[PDB]
Amino acid sequence: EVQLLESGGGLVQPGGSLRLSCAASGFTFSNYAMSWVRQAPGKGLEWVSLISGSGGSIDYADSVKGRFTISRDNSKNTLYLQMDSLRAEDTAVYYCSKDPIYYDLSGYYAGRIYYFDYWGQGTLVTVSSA
Amino acid sequence: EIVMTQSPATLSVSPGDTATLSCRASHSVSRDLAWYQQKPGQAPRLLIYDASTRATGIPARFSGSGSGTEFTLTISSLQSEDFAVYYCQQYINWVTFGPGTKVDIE
Amino acid sequence: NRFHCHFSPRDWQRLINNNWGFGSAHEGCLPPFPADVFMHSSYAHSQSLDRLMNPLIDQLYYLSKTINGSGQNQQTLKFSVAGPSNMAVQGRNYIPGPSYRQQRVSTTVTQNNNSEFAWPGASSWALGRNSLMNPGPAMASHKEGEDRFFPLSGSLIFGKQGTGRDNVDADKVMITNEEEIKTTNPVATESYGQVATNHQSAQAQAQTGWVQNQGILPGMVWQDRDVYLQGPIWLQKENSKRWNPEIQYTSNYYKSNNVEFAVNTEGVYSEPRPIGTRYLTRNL
Amino acid sequence: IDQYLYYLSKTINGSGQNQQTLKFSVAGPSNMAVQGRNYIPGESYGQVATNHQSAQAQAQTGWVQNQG
Amino acid sequence: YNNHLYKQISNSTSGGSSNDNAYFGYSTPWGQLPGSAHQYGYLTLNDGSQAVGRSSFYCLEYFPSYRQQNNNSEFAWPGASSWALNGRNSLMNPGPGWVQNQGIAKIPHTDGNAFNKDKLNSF
Amino acid sequence: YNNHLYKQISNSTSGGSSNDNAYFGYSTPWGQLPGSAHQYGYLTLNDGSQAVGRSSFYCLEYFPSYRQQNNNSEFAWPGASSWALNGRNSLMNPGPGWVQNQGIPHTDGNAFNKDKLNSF
Amino acid sequence: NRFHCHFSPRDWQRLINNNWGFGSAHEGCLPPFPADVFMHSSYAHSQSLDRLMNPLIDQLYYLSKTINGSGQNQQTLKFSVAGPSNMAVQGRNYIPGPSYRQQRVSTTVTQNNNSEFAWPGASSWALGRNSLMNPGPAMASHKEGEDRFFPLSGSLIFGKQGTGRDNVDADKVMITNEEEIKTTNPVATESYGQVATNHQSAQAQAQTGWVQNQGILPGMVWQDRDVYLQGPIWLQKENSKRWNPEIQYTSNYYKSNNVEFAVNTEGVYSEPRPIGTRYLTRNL
Amino acid sequence: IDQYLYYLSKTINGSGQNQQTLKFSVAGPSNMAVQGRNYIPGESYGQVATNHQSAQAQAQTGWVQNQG
């Protein structure tokens, strides 16, 4: 079945940059659009960025824009997130998520992402000086 | 930036009772919405998508309703298996989530 | 006069996976599903038109440098060999086909300009009446690696089963794209190229201009538009020596509520997506 | 008789800010200018897009004075 | 050639860095298969230095005007007539109000125109 | 039957009782195609009420011992001999230290309107 | 005596997509790729053995109720018609094939027991020597919906190009699963079924026990094990009337550093994944 | 000569807590008992797994006193 698994997240000082990765399996990874979503410790959920299919289209939330860059390698069925220039305001559990809609060459990527079909057990990122 | 609003900030009901959860939308989202439950220390899971459709493998006691601004989630025959914060999403414009409603058991 | 009259989805698949080859588009055509009662190149080139060269071997000369350096009166003529290090300049016997440019629209609406440009910005031809150019000359829909852009009237658009008549949403319709023919055809949303607009001299720099439309020139080659299961109508075996496996049209194996190209619970037959036939490949 | 083909009818919902949308319509005897055609002719000949539109740039066209 | 090997060659293998000159292909030990006015090698479909899934690998062991343009400026490339194909500009060489352009070798096939299991590396 | 329609039937259209009884298939107007001791209908591959990519749709318009088990308890289904296939139990019916069992299909071994007419 | 000796990956594709059918497994076979110098039913059932019934029509009686209700001295016998509402109890002419149970292992390591059970917890046979049971009788690898689990010694495990000899990580090998044969074959990690262990009476409840292995019984039908491009060795056209399109074996459309089933920059040929023979479907 | 088939050598790295791992090894003349064999014979006939192992439960087996 579908299985989303997030790799290393740790402690980074403000202004530092770390990289996250998600190993997806149990489904054809290239066909769907993957998204990162964020939940601050007491706060609710916040969408961060999305990459679709091949990776031609990439969009970010206005909070993360210019700091964060998302990318995927279809060859290795991995989704990446590169966090740069972090703040203390950017610390929360991070979730790897999946778009339900299916993409093939005979068609175009839908303009927007839909509901989040599957979720990984999120990795946590603390940004503090300690 | 459609702002979503979860009507009860928290809720407490006994098992076997129905629980009516609802959220509102700052602008029309027409049958584009979703419901998630997040148990403590787990990832969210899709309950309902669009206005009302149940995700695969979801119990039949969960039901969605509503269109446009205001929507409703109802849990028939609530059990103890269900203690979670419930969120609502919009997939119109850029995705935004509601603040959540914690269903507490008596 | 549509293919799904004569071909089942499995019969269509049997055709497009194994074979290199084989009137106003109005309604009222025979239904695609036999229980209802009612009232050509098929391959994608594996090479581009610009890459046909041998990558290991040099060729012919081209003009590399018009100035020795920066300064006054630096004019010079320097020449180089065309080869693998610079492939853009090499001599070629054949060139891509004709183009008539389409405006480019994005499936992401916020990428689009906030104005009503549907009829205003579309390409057209006059006959004293304006006729939209649809679908127009055959051109690739989008550049390789691009999935959100599509030509304004460049490609065919089919509606999904149940779609209304007027002002339907983007999700309801199915838009076909012809990326496959991009190797020998120009992209529908791009200029065909650039030309020189003047005679240079010491006092005037070389000036260029874009080519929005380019007719037939001797040496052009092009692919025609693809046919679809749903499209209008009016065997060649696959001989290839290719070592690695082809792209085939298949149906995804993943649990879903319905079976694609089958009836649903209410008895309505539907065709989920547009199936054209370009899957196998040929050398250019 | 209608065509089974669609064209892009409306790119905005109305006057205002951030109104972008995509709406499609069947081409039929109601609107004959937009129908898909198999053959084209060989006053200006027509118009072509000169640029990529975006939120910043409006769609621009230009006159085709000669065609082959 | 190539020590009796088929070796993937790519844009980046040679240092690359330019999109117009990006290529992907294979070099072969040799000296239905893929006239260019020049060892046997060939190019197939590419995206940058990466290869798209439609690319092919062949084992050979298995057998009208377009106006053309001295000022003291560099205009070799910037002042050149070119045609663009899939986001790659290509010089027009040789090639065929003011009408700058007016329309009407193998032809491309188109519609119109101790035992060990390792292989032996020692020769 | 079915007002001349092919209609999808499944475990859900019957209410979706339980895992062992879940199914997916089609009911046909009729009365290479898919002996069960019984309108023509058929079943195909399913996962729960859903179907998978191998599920096929056919348009008919297109033409030893195994021990078997009164106590005051309900032992009908619990105390019955069964065999499991893909995680679904089926009664062994009829069918063929103490040895409770002993061993010895095509398989390897053994005005104009475009809408369809609903008026009849 | 391996299929890739005689078949290219492309030729293998032609075989499995279009056709229903066509010594210790040691090293030293002719190299898969010709430039190296060195020192059967191909289909999946569209029905499952338990579902062969007509879904719309009743059958024969079964024992529905052995007690009227809660209480004492409630013994009674009730019967019901075998029909669509309850499909588990219907009479069936044929039963699934034999089984010899394998231990189950998860590819997620944290949910595997923290002990060394490779050799101890493995199914084996004795001939005064103990030989492991590998791969064993033909059995499904896992239940529908669990892809992570695999039989300890149940399947054929191939190594990736360059994989070492000893104690390689799970990503250096390729594990094949017989998902297709589940329709007629019991899961390798599940019991065959249950049998009665006693005679019930007023003084004893009906007692049952699990069958952990089963030999041939009259009326069993089963599928053999699939063969692979890599696997050991020692035409039939498709007649199907299926309306919707088949599942096919296809190469991926995404851009990648290397083309699948080809050489890299160093000249090393590799096989990225195992290819089974079962894609087209038949009725049961 | 080695086989090209791999078998599961190790389910734990070493002694300790939380040592779960999966390692594989070529079946070869070194260890013959674990080679994949095409045919089987017709004392106990062997052992079979009687349970699903998990983090909670150890792998259990039982003896086969009769087989067909």
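Residue numbers (my numbering), protein chains in the order written: chain A, 34 to 163; chain B, -6 to 99; chain C, 10 to 293; chain D, 126 to 193; chain E, 255 to 377; chain F, 93 to 212; chain G, 10 to 293; chain H, 126 to 193.
Note that CB positions come from ideal geometry on N, CA and C, so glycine has one too.
Residue i, enclosing alpha helix (DSSP H) - first and last residue
i	result
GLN22(C)	18 to 27
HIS13(C)	12 to 15
For residue i, the first and last residue of its enclosing beta strand (DSSP E)
i	result
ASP365(E)	Here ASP365(E) belongs to no beta strand (DSSP E), and DSSP marks it neither H nor E.
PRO160(G)	158 to 160
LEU183(F)	180 to 183
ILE76(C)	70 to 76
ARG38(B)	38 to 42
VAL90(G)	84 to 90
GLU125(G)	Note, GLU125(G): premise wrong, no beta strand (DSSP E); not H, not E.
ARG17(B)	12 to 22
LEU112(A)	111 to 116
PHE55(B)	55 to 68
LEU177(F)	174 to 177
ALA27(B)	27 to 31
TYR296(E)	295 to 297
Buried or exposed (CB count within 10 angstroms, at least 16 for buried), residue i
i	result
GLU189(C)	buried
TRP188(H)	exposed
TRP284(E)	exposed
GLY37(G)	exposed
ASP97(B)	exposed
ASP10(B)	exposed
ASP132(A)	buried
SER50(A)	exposed
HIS208(G)	exposed
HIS20(B)	exposed
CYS14(C)	exposed
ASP301(E)	buried
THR75(G)	buried
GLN172(H)	buried
Inter-residue CB distance, residue i and residue j (contact presumed, cutoff 8 Å)
i	j	result
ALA149(G)	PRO107(G)	Incorrect: roughly 13 Å between the Cβ atoms, too far for contact.
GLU199(C)	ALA338(E)	6 Å
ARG180(F)	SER55(G)	With 8 Å as the limit, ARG180(F) and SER55(G) do not qualify as a contact, their Cβ atoms being about 17 Å apart.
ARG287(C)	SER51(C)	6 Å
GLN323(E)	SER335(E)	7 Å
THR105(F)	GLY117(F)	Not confirmed; about 10 Å, so no contact.
Proximal chain I residues relative to residue i, where beta-carbon distance stays under 8 Å
i	result
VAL272(G)	Absence of chain I from the displayed structure is noted, the protein chains being A, B, C, D, E, F, G and H.
Please confirm if the segment 183 to 199 of chain C is in contact with the segment 235 to 253 of chain C, defined as three or more CB-CB distances below 8 Å between the two stretches.
-> Look at the beta carbons and you see the segment 183 to 199 of chain C touching the segment 235 to 253 of chain C: at least three pairs across the two are nearer than 8 Å.
Any residues in the segment 119 to 136 of chain F with a beta carbon nearer than 8 Å to a beta carbon of chain G? Which ones, in chain order?
-> From the segment 119 to 136 of chain F, only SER119, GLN124, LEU125, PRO126, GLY127, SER128, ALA129, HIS130, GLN131, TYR132, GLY133, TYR134, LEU135 and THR136 have a Cβ closer than 8 Å to chain G.
Note down, in chain order, all residues in the segment 352 to 369 of chain E with a beta-carbon under 8 Å from any beta-carbon belonging to chain D.
-> The segment 352 to 369 of chain E vs chain D, Cβ under 8 Å: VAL353, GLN356, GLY357 and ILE358.
Would you list, in chain order, the members of the segment 240 to 263 of chain C that have their beta-carbon closer than 9 Å to a beta-carbon of chain G?
-> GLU247, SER249, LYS250, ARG251, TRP252, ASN253, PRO254, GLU255, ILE256, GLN257, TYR258, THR259, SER260, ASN261 and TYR262
Taking three-plus beta-carbon pairs below 8 Å as touching, is the segment 15 to 25 of chain B in contact with the segment 43 to 60 of chain B?
-> yes
Any residues in the segment 88 to 106 of chain G with a beta carbon nearer than 8 Å to a beta carbon of chain F? Which ones, in chain order?
-> Result list: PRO93, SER94, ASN95, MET96, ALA97, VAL98, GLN99, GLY100, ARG101, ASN102, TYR103, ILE104, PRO105 and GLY106.
For the segment 21 to 52 of chain G, which residues have a CB atom closer than 7 Å to at least one CB atom of chain C, in sequence order?
-> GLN22, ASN26 and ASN27
Residues, ordered as in the chain, of the segment 53 to 77 of chain A that lie near chain G by beta-carbon distance below 7 Å = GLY59 and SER63
Using a beta-carbon distance cut-off of less than 7 Å, what residues from the segment 143 to 156 of chain C approach chain A?
-> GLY154, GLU155 and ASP156
Please determine if the segment 137 to 152 of chain D and the segment 163 to 180 of chain C are in contact, where contact requires at least 3 C-beta pairs separated by less than 8 Å.
-> yes
Pairing CB atoms from the segment 105 to 125 of chain A with CB atoms from the segment 46 to 57 of chain A, are three or more of them under 8 Å?
-> yes
Residues of the segment 184 to 200 of chain C with Cβ closer than 9 Å to any Cβ of chain G, in chain order = none
Which of the residues in the segment 129 to 152 of chain A, read from start to end, lie with their CB under 8 Å from any CB of chain C?
-> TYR135, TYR136, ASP137, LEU138, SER139, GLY140, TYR141, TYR142, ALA143, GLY144 and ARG145
So, do the segment 243 to 260 of chain G and the segment 18 to 26 of chain G have three or more beta carbon pairs nearer to each other than 8 Å?
-> yes
Could you name the residues of the segment 168 to 185 of chain F whose beta carbon sits closer than 9 Å to any beta carbon of chain G, in the order they occur along the chain?
-> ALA168, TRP169, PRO170, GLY171, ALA172, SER173, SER174, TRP175, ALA176, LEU177, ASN178, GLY179, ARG180, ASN181, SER182, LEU183, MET184 and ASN185
Contacting positions in the segment 84 to 112 of chain A - beta carbon closer than 7 Å to chain G | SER87, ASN107 and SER108
Given 8 Å as the limit, is there contact between the segment 146 to 163 of chain A and the segment 31 to 43 of chain B, that is, 3 or more CB pairs closer than that?
-> yes
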